[PDB]
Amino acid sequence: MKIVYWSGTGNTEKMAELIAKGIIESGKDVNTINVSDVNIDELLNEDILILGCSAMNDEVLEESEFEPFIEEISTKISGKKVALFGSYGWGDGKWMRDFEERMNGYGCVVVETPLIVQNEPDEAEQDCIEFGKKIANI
């Protein structure tokens, strides 16, 4: 499997790592890829797309790298299964509600409730691992 993410200070990156650990613990292999190093063609062959991005202003996906990536794959992901996650600070998850709506709008099937954690995982570490385990059970 593959996990693609954008992280500005490392919070979402840490989540990606933990999610990967859960998939690996379930017996499967997974590679975490920063959005800047992703190859669209290879990503599009995947059964499930696991995508993560922290909340940027104002309650939107990161604009210089992540959003362009999403816009680029938008027309080629109808029917694909996707799992969403990300870290946020002061909001209540609005950016993720929108991200979920957007992906559904492109024809994707959002397989699980998006995982959102405030700031660094730390206390939510097991939650991240468990989310990975749920995806591996799909």
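In this text, residue numbers run from 1 along the sequence as written.
Novice: Comparing average C-alpha B factors as deposited, tell me which of 44 to 52 and 87 to 95 sits higher.
Specialist: For C-alpha atoms only, the mean B-factor is higher in 44 to 52.
Novice: State which stretch shows the higher mean Cα B factor in the entry: 128 to 136 or 4 to 12.
Specialist: Higher mean C-alpha B-factor: 128 to 136.
Novice: Sorting 64, 36, 74, 26 by Cα temperature factor from the record, which one lands on top?
Specialist: Highest C-alpha B-factor among the listed options: 36.
Novice: Using the B-factors in the PDB entry, rank residue 110's C-alpha atom against the chain and give the third, lowest, middle or highest.
Specialist: Tercile = highest for this residue's CA B-factor.
Novice: Report the third (lowest, middle or highest) to which the CA temperature factor of residue 59 belongs, ranking only the modelled residues of the same chain.
Specialist: It belongs to the middle third of the chain when residues are ordered by C-alpha B-factor.
Novice: Within this chain's modelled residues, let me know which third the CA B factor of residue 30 belongs to: lowest, middle or highest.
Specialist: Answer is highest: the recorded C-alpha B-factor places it there.
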